[PDB]
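A short write-up of the structure that comes next.
Every number for a ligand or one of its atoms is a count from 1 in the order of the listing. When reading the values below, keep in mind they use all heavy atoms of this one structure, side chains included, and skip hydrogens, waters and symmetry mates. Here is the naming used below: chain letters follow the sequence lines, and residue numbers restart at 1 for every chain.
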2 protein chains.
Amino acid sequence: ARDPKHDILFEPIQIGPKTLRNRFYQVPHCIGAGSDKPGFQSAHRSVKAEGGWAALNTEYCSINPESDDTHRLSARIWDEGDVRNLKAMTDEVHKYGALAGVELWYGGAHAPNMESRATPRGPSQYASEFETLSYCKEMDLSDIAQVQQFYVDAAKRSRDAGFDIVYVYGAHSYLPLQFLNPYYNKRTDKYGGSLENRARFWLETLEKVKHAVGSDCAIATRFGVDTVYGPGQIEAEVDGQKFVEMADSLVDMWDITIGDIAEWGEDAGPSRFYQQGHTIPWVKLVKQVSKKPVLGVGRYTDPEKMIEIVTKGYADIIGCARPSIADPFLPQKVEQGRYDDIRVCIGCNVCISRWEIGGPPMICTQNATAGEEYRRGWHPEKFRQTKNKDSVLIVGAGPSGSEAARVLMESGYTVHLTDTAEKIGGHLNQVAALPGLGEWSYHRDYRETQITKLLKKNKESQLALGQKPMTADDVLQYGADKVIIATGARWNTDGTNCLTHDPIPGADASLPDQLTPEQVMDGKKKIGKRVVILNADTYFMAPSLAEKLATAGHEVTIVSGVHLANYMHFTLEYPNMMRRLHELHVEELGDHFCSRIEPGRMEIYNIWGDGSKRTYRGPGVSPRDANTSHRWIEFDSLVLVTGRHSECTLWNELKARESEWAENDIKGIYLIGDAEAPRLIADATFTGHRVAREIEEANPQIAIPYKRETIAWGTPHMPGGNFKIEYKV
Amino acid sequence: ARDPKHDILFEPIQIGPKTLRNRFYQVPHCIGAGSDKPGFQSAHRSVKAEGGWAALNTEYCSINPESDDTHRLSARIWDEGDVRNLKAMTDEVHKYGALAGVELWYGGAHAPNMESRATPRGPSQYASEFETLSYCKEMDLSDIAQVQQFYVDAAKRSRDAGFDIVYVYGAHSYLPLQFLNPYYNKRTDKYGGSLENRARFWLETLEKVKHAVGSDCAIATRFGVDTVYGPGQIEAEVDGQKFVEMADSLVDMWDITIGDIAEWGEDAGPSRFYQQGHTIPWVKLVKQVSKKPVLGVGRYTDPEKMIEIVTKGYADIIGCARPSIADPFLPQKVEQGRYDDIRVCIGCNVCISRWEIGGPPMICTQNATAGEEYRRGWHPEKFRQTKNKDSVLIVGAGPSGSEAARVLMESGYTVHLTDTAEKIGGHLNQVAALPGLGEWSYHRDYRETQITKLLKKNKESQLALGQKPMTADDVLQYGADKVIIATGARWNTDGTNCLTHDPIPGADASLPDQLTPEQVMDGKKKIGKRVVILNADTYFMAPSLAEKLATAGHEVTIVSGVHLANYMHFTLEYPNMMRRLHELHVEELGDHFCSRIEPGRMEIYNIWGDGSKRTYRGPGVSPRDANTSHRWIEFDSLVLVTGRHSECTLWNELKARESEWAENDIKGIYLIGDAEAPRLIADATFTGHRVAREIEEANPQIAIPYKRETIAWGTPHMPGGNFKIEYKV
Ligand SMILES: *c1c(C)c(C)cc2c1nc1c(=O)[nH]c(=O)nc-1n2C[C@H](O)[C@H](O)[C@H](O)COP(=O)(O)O
Ligand SMILES: *c1c(C)c(C)cc2c1nc1c(=O)[nH]c(=O)nc-1n2C[C@H](O)[C@H](O)[C@H](O)COP(=O)(O)O
Ligand SMILES: Nc1ncnc2c1ncn2[C@@H]1O[C@H](COP(=O)(O)OP(=O)(O)O)[C@@H](O)[C@H]1O
Ligand SMILES: Nc1ncnc2c1ncn2[C@@H]1O[C@H](COP(=O)(O)OP(=O)(O)O)[C@@H](O)[C@H]1O
Ligand code: SF4
Ligand code: SF4
């Protein structure tokens, strides 16, 4: 039964000329579809509509080619061709009884315009702090009028495309906020200086947009009410509440964020630094002055926390981005009282990393169907049922083997899942114990819960933990029709790394003064005072180990041959991670790698130490002057973070005996997850989901084709257009 | 007329079953189109076919989704959709009598598969040294047979698509090279160990592809004959030549490069480091052993250098990528003896920088129609002719103003171009005087030459240099119908920068101990011994000034608030630039910026010195602990490289008197290039090209729409497919 206290989340609420059916609201978020992948855009949003979300929004939607985010992918509403592509989404969302919203965007200099080559315009000329080679033209009064007109023409196309909700977007330090914020706005005319003057651009845009479409569409606005930068950008109790009072009469609904664009991880709070509800102290300030409905995101996954912010009067509506990606059916699950089916977001920001890299589609660590709904036909809650009695043995219960188990049981198969480990979750169990990573637990907590539930409904299925390791003969004599090897990866013990692909002389994790991540996380092997971490990985392991050891009292130096924490730029974790290492006194030596190791010392070299001039010097000889930067540094312990290898011994043994499978009635054995190749957790989860989805295909080791959303030559994007080459001569 | 010694370049040569009409060959190169923008792909290659190139190749062309380069854009030949898209290019290239070629690609772990999410396969499992989070599965024998079959199926699709030339691609350390090269290949079976074994994968692939399509298509191979890394990878006189001998009977034509993928600026050599012909010492080693036609790229633009390598017997064919982008008509121009019309590539690698960023279309510093042929209808050598006698005044002869003059004169307009400078070229004249950048001067040399010749045939046009600066009154009284303002930008003199968008206290380049780039390049202002460069720019200025200053004997420290030379990662200059700074003893302080300057000293701070934990602390205060890393450093001279600002005073004065334009018979005044917003040189050039092409449009200040190559919802990419959402249930 639904807890009756949760009934309030299912009450409707008026927003201008529209009604939201409940309090679950998907705020605008990127997915890597834009107006470019209309199947993905429409499936991803309409699965959530079917899942019960009251309103579904596009990501940021450019109003004109001079706000082109290429190389990143935004939605666009430039012309009739975009109207058609985006209407595929509004039509589909409407079929499930939800509203659709579009977030009208203009970036100023933050949009680098790499496709359009156009010049962005802004309140003053500046080079973007985020796109540092991108500059804008300072607007004159006619520029201001013409960009306001872009907004009006876009709002009109938006109504043509079937949208119910139209935003003017002034969060993440985009144009309306640029004019509001003296960090950007240095004008001394009537659009700069006092708050009334600084607000003028956004207020006139709202008035013009509302005048164009507002009796048909709700006019929303998204506002970074505090830049979380201190004085000198926007402060909630200085300009923020006061802007709200100025704009309140024009806005049908407030959508509130904090932070800027360069560090928008302050908005999309990674769980490493921020808990559910972290934005409350700023967001709550808006309902203190607004007489309109208000939401403000804060990684809300828990209906207990949701009813708290509503009954205490801090927000009227529950806005979510990530939680809707991890679980498009979150609302229906709360409505039906299926709390234990809720697939809770871990705030890892892998979904965001995709968009930040610029171009790739979204993926999600929890939800292997995000991005897959359209092109592979994978609905998160509906699985093809087996028509046979086949059984599957799965060796290994980390993200990949556990997801395979969950999906195969959902599809009706008999599944035996086994692991030496005491509990489900494989390498994630030690990872989630790293400083800050505690919520990454939820990935294996969800799978433990679901697998336990699923066992009750197939009676032949089985979960066996803390078992002896499976051997090739155990597998061969197990009795399963098909077998999945999901045995994971381990960190290298011998210095092998992506720069040289070879061991490092003297590297050996069995020695008393060297350790792998696993040995560090296990916490039995002694670690001395001075610790060097030798790093050839660009994600979280080395910085997380550095933080762990430094908080535990060690003097830590990281020697990195690749850009330290580079992938954390994309998950937005990097700025706070670097501040954390700095507070903790961790020393960083970038651009160095290690050519050999001995007890208590290691030799390092600057990676740019070879001569700059290449000549042909013949065979057997380097074409550059020799690198003479080598020097010795000391340590008491050396932690090797140099890369990973697949644990695929068992697979190798079974394959060498493939001639024996048929006589043992084994029809197939497949290799997934880290054991095939070291993957992101999201991608290991994906491989388990995919093999389970395709377990009946000719070769389940290899994905079948997905639908591609690429133009077909001979079909013009513009309706009635001419697709042929035409020179202007 | 053509020099008779160039006649050799126009002799045909047989390659297997096909005939090249001349010795001008466009090797495979990225353009940002692949099979996804079939308009762009077909227009870009077919203009060159019209321009006399004997063969035009697609870029690297994936044979299967488990070699997907997303976020970077490759061609693809995975299915019938791609066959239709690429056939637009083969049909268009054939219309002009050239051969069309495709480059069959499989990247191993170098392809990060961010769209497909499939697992790449390789000779041994490694993490790519270029994509450092991307790992492959080690190939067993069936894997090898399967990937070989992918090449075969792609080659059959290629013949369907109408290609004449099919490559097995084994350069830039892609898969055939990975099996060849013990840096990657650690196998101990019959595909590893000896040369014969290491070559077996590439040899079998060639035999299979030749078998499938060889009667119909020339089989070419691209080979990184030396990795330029010394022993430990491929060396030309060790494995290189011996491999050519083993494969010679299978290959119709050799296409030779040097270098790997992580540092492929050794192949696409930047003029900063490499002259025309820089590859000859390695390339000529192939004809020492091969009996087949051979080419090897080397930034060839001069026909004198071209006949040298053919008459000496070092190559049979002139392969080009960049020269063909700068001038699609280079071969016709040589054929007709129009040497002074040749637009010579400057080796800036801005074209490549787009590809490297991942996703955007190619652009070109010399050729402002690259990427624009299809979507704007801009042919590089055909100009719509004016039908009126309108005159245009152009103030400033830098890359934008001189491009605008050139195009307007080619279009039949009367133009008067004026500048205070003694020579055409604007800010490029000092830029090209920086260490290594002398070849960048070709951009202005081309325009100086072209403008001089256009004046001889456009008799009412005029060039005036060494002029007094134009004032607003001079412009208003000048007598032109239209005016273009192209007055450029300057480096900031008060510390204004992209981090704070404000001046720095104490910054002022009028002080004797502080200098701008222009003051350094001018050479008059004295510079002291200890130099600090303060940098907030990510491209070439700060590194290039550091080189110049350290080579002149100064002790140089670079304090950089942004990632130093970040943009040079994309131009492939970064690795030799860092080696150059290291060998000159230039010190770098990354992650710091500057809070105030005084005579001989400046206060710097660590950019990550703020506390890592954000909390609500109310207005007037930072949400984090204070940054306490501030410290002073001394200098004798401080070079300010903090950002640029438009020089738009003349513009602002004319706009302030817009009410007088009609009295003075001025129909419009437009603002282009760096004076509208500081741009890359390629983009400043584009703005002048654009306004010239669009001088008759309603508002030439703003680009008209271009044709968009994005899918139309309702049309499936696969012929006969179903575009509608369908779930697998
Ligand atoms: C993209 C990505 C994938 C994320 C998760 C957030 C996001 C994305 N793109 C956005 C955009 O197009 N416009 C916009 O206004 N906001 C965008 N976001 C931020 C998102 O809307 C939320 O503000 C944050 O994710 C925090 O909310 P929550 O995920 O904790 O609920
Ligand atoms: C992309 C880019 C834009 C550049 C100019 C070169 C290039 C690109 N992509 C390539 C790819 O798809 N396959 C391939 O084999 N080579 C590719 N290239 C390298 C190019 O082919 C030449 O080897 C170099 O540019 C050197 O030749 P040149 O430009 O000096 O004539
Ligand atoms: N022979 C084996 N028998 C049983 N379990 C195994 C065996 N080999 C490895 N495992 C288990 O396989 C799991 C792989 O999990 P993990 O490393 O998280 O991989 P992934 O991320 O691919 O899911 C580990 O929990 C490990 O205990
Ligand atoms: N008032 C003026 N009258 C004539 N020329 C000017 C005036 N102001 C600036 N210039 C010239 O304009 C040119 C601008 O060139 P440049 O800086 O290279 O801009 P861009 O990169 O946009 O082409 C310089 O050569 C400069 O001398
Ligand atoms: S990738 Fe991590 S963050 Fe993003 S929605 Fe999924 S799960 Fe939450
Ligand atoms: S961008 Fe530069 S290197 Fe590339 S083709 Fe054009 S002029 Fe040559």
Residues that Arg447(A) engages under salt bridge (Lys or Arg N to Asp or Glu O under 4.0 Å), provided they are two or more places apart: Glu403(A)
Would you call the rings of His172(B) and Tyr169(B) parallel, tilted or perpendicular, taking 30° and 60° as the class edges? perpendicular
Between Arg222(B) and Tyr167(B), does any side-chain donor sit less than 3.5 Å from a side-chain acceptor? no
So, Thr649(B) and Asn652(B): side-chain donor and acceptor under 3.5 Å apart, yes or no? no
Ligand 3 atoms nearer than 4.0 angstrom to some heavy atom of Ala684(A) are 21 (O)
Any idea which atoms of ligand 3 are less than 4.0 Å away from a heavy-atom of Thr487(A)? 7 (C), 8 (N), 9 (C), 12 (O), 14 (C)
Relative to ligand 2, is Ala171(B) under 4.0 angstrom through side chain, backbone, both or neither, heavy atoms considered? neither
Distance filter under 4.0 Å to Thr420(A) heavy atoms, resulting ligand 3 atoms: 4 (C), 5 (N), 27 (O)
So which heavy atom in the protein is nearest atom 13 (N) of ligand 2, and how far is it from that ligand atom? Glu103(B) OE1, 2.9 Å
Mark up the atoms of ligand 4 that fall under 4.0 Å of a heavy atom belonging to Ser400(B), in ascending order. 20 (P), 22 (O), 23 (O)
Side chain, backbone, both or neither: which applies to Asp267(B) and ligand 2 if a contact is any heavy-atom pair less than 4.0 Å apart? both
Taking only heavy atoms of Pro399(B), which atoms of ligand 4 are found under 4.0 Å from at least one of them? 18 (O), 21 (O), 23 (O)
Could you tell me whether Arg322(B) and ligand 2 have an N or O pair separated by under 3.5 Å? yes
What protein heavy atom lies closest to atom 27 (O) of ligand 2? Include the residue and the distance to one decimal. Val297(B) CB, 3.2 Å
With heavy-atom distances below 4.0 Å as the criterion, list the atoms of ligand 4 near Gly488(B). 14 (C), 16 (P), 17 (O), 19 (O)
Which of the numbered atoms in ligand 4 are under 4.0 angstrom from any heavy atom belonging to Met470(B)? 1 (N), 2 (C), 3 (N), 4 (C)
Say whether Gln275(B) and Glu439(B), considering side chains only, have a donor N or O and an acceptor N or O under 3.5 Å apart. no
So which heavy atom in the protein is nearest atom 9 (N) of ligand 2, and how far is it from that ligand atom? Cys30(B) N, 2.8 Å
Nearest protein heavy-atom contact for atom 31 (O) of ligand 2: which residue, which atom, what distance? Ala321(B) N, 2.9 Å
Heavy-atom nearest option to atom 14 (C) of ligand 4, drawn from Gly426(B), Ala486(B), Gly398(B): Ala486(B)
Sub-4.0 Å heavy-atom contact, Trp264(B) with ligand 2: yes
Report the part of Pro469(A) (side chain from C-beta onward, or backbone N, CA, C, O) that has a heavy atom under 4.0 Å from ligand 3; answer both or neither where that applies. both
Atoms in ligand 3 flagged as close to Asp674(A), the criterion being non-hydrogen separation under 4.0 Å: 19 (O), 20 (P), 21 (O), 22 (O)
May I ask you to identify the nearest protein heavy atom to atom 4 (C) of ligand 2, giving residue, atom name and distance to one decimal place in Å? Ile352(B) CG1, 3.2 Å
Sorted by chain and number, sequence neighbours left out, side-chain contact (heavy atoms from CB on, under 4.5 Å) with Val283(B) holds for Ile256(B), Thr279(B)
Relative to the heavy atoms of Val27(B), which atoms of ligand 2 are at a distance of less than 4.0 Å? 21 (O)
Please report the C-alpha distance between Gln26(B) and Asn57(B) in whole Å, then the side-chain angles of each, then the deciding distance to 0.1 Å, and finally whether the side chain to side chain contact (heavy atoms under 4.5 Å, CB included) criterion is met. CA-CA 6 Å; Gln26(B) 192 230 260; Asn57(B) 276 283; 3.9 Å; yes
Below 30° counts as parallel, above 60° as perpendicular, anything between as tilted: where do the rings of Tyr60(B) and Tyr174(B) land? parallel
Using distance alone, decide if ligand 2 has a nitrogen or oxygen within less than 3.5 Å of any nitrogen or oxygen in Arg222(B). yes
Option set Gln276(B), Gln26(B), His29(B), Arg354(B), criterion heavy-atom distance to atom 7 (C) of ligand 2, minimum: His29(B)
Does any donor atom in the side chain of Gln276(B) or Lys305(B) lie under 3.5 Å from an acceptor atom in the other side chain? no
Aromatic ring pairing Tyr478(A)/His416(A), orientation class (parallel under 30°, perpendicular over 60°, tilted between): perpendicular
When only distance counts, is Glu647(B) in polar contact with ligand 4, meaning an N/O pair under 3.5 Å? no
Side chains of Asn429(A) and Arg444(A): any donor to acceptor distance under 3.5 Å? yes
Would you sort out whether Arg76(B) and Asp68(B) count as a salt bridge (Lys or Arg N to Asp or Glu O under 4.0 Å), showing the intermediate values? CA-CA 9 Å; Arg76(B) 298 166 170 175; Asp68(B) 154 38; 2.7 Å; yes
Nearest 0.5 Å, what's the CG-NZ distance between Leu671(A) and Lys137(B)? 6.5 Å
Among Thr418(A), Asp419(A), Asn429(A), closest by heavy atom to atom 10 (N) of ligand 3 is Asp419(A)
Under a 4.0 angstrom heavy-atom cut-off, which atoms of ligand 4 come close to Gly673(B)? 22 (O)
Using a strict cut-off of 4.0 Å, indicate which atoms of ligand 4 neighbour a heavy atom of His427(B). 16 (P), 17 (O), 18 (O), 21 (O)
Does the pair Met541(A) and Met521(A) meet the rule for a side chain to side chain contact (heavy atoms under 4.5 Å, CB included), with working shown? CA-CA 11 Å; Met541(A) 190 54 77; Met521(A) 294 181 287; 3.9 Å; yes
Ignoring hydrogens and geometry beyond distance, is a side-chain donor-acceptor pair present between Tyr670(A) and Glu676(A) at under 3.5 Å? no
Winner among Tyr169(B), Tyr25(B), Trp105(B) once heavy atoms are compared against atom 14 (C) of ligand 2: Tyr169(B)
Go through ligand 4 atom by atom and flag the ones less than 4.0 Å from a non-hydrogen atom of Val395(B). 2 (C), 3 (N), 4 (C)
Numbering the atoms of ligand 2 from 1, which are under 4.0 Å from a heavy atom of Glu59(B)? 12 (O)
Sub-4.0 Å atoms of ligand 2 with respect to non-hydrogen atoms of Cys320(B): 31 (O)
Distance-only donor-acceptor check, side chains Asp674(B) and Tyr135(A), under 3.5 Å: no
What residue and heavy atom of the protein are closest to atom 30 (O) of ligand 2, and at what distance? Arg299(B) N, 2.7 Å
So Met470(B) and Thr487(B), do their side chains get closer than 4.5 Å, heavy atoms only? no
As an exercise, identify every atom of ligand 2 less than 4.0 angstrom from a heavy atom of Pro323(B). 29 (O), 31 (O)
For atom 17 (C) of ligand 2, the closest protein heavy atom turns out to be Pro28(B) O, 3.3 Å
Intermediate values then yes/no, side chain to side chain contact (heavy atoms under 4.5 Å, CB included), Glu356(B) and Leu572(B): CA-CA 9 Å; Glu356(B) 274 294 336; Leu572(B) 322 178; 3.7 Å; yes
Which residue owns the protein heavy atom closest to atom 12 (O) of ligand 2, what's the atom, and how far is it? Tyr60(B) N, 2.9 Å
Would you check if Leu654(B) and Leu476(B) make a side-chain contact, meaning some heavy-atom pair closer than 4.5 Å? yes
